[PDB]
Structure formats: structure tokens, C-alpha cells
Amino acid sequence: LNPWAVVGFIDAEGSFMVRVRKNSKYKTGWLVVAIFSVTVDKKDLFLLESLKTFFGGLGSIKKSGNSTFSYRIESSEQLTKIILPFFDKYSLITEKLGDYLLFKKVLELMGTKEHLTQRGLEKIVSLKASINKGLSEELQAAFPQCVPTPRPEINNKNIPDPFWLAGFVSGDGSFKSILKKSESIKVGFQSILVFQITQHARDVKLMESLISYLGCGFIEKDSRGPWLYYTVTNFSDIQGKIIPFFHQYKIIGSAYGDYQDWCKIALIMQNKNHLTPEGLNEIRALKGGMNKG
């Protein structure tokens, strides 16, 4: 685990969270907590174990869903000690940065015990209102006065290190093998390779910037909602640009075996064997093997 890879991976998968929960034991009647969270499927538990170890063995890993597990640090103290100084040095670049910085300001308030205070509380409520999904219904009603503190906007963010991209692709990227019915290929099917990164449209600009960074690909919009795709279909670019990149800058987690299989599919395609029935079945078999893992 490289630092930029981690930042990429968290740009893709992580969360920065604030809870303001109701409880009348607290002098304010409200308990304030901050949480840094990253959740993955079971097949990537070893990667959560790396992260913990990466962050000084801190925090806790727990069954989250039916086949996911979560890594969480919810101590304000140790968040201030370890997390904030990591992301302040190796900064996020998706819109998730806006949530990191707002989360940061809360911790800062918590750090001086202000959260235990009425003004403190409203500042944290004001800050929580611009983070992730905003105020809850309960908090809108308990704090009908508060004005969300403006979402910070940090313009034009560039990929700070090729490992960031390794990281993020390991999270929100994908190595696709498609077998497409073809009336004109003689073996019956086209063997397509697609590299693809998915992200919400709010990060259009970052998505656009990937075309210069990798010197290939194009961007599409999901017609069904605000979601973009950075896609590479062109096999020459996959051989020439994508495969060599991730060979130097390695994927993390399970997804790394899936890249290796896809690389292998590409060898078969390189020697033109995909147009042979034998090679088509090598590809069915590798494709079969992918995501297992």
C-alpha cells in the first residue's frame, strides 16, 4: 500500500461522516461523533487488514452487511492524530474532498471541546448540513434555524500521482471482458476488452481529465441518471497505454487478479487467437474465472 493509492482508494470507496444523535444525558441533549469509514466485499478483507495496519493498527473492522465488511475509525482523538495529518498531506481530489474538509473542521471544534457547548453544536450542525446526505429529518426539525456552512469548492484538481489512479480504479474502476454475438466473425463472437471507470457527474472535470492523463478513452453519460463513464474499447490503446500503466502501478485487492486475467485475454487477442475456436474458449474460461476471487 502506497499513500497515493490509499488516497485514490478512499476517493473511490471511503466516507467522512458526522453524527449528531439525540441523547438527554449530554448537557446539550446531543451526542456528536465523527467517523472515517471504508467498506468492501468479503473478498477484499485482506485489503481492509492492510489499511488498518497502514494507519498504525488503529480502529476496528466489522461485519457491515451480508457480504461486506467495514473499516472504521470513530475516535475523535485518533482521527485527529492519524487521519487528518495523512489527508492534509495527501489530499483527496473528487468532491469527497469537500466532505473531508468539513469533517476536518468538526474535529477541530471537537478538539477544543466545543462540541459540548451550544455554539459548537450549531457550528457542527451547520457543517454536517453540507456533508454527504445533509441534515437528517430529525436534525432539520431540531435545528430549523441553521444555515448550512457553504460547501468548500476547490477548483481544477489534477491527478497528483499515478498511484492515486491505481487506487481509485481498484475502487471504482473495472476490467471488462465481453463476448458479443457477431454474424460476421467466423467463430461467432467478438472478444471485446473494456477498461472503465465509473463516477458521479459532479466530478465531470476529473473524469474529462483522464483522457489527457492516459492519452486515450472517451466519456459517456448514463441516460438513467447523473453518472459518467470513462471508457477505453480500442485494443491498440489497451495494449499500448492501459495495460502498461497498471503493470507499473498495480491494482490493489482482488481486483488485481482480475486485471491479470484480462491481461491474459489480451495476449490471446494479441496473437490473434480469439478468432480461433480454441482461443475463444480460453477466453470464456478466463472470463469465467474473473470476480471469484
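In this text, residue numbers run from 1 along the sequence as written.
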| item | value |
| --- | --- |
| Per the entry, higher mean C-alpha B factor between 173-181 and 151-159 | 151-159 |
| Higher-scoring stretch by recorded Cα B factor average, 243-251 or 25-33 | 25-33 |
| Residue with maximal Cα B-factor (values as given in the PDB entry) among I192, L165, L97, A142 | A142 |
| Member of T233, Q260, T53, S64 with the greatest C-alpha B factor (per the PDB record) | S64 |
| Chain-wide C-alpha B factor ranking for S130, given as lowest, middle or highest third | middle |
| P85 CA temperature factor, ranked by third within the chain | middle |
| For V106, the third of its chain into which the C-alpha B factor falls | middle |
| Within-chain third of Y229 by Cα B-factor, per the entry | lowest |
| Among modelled residues of the same chain, the CA temperature factor third for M290 | highest |
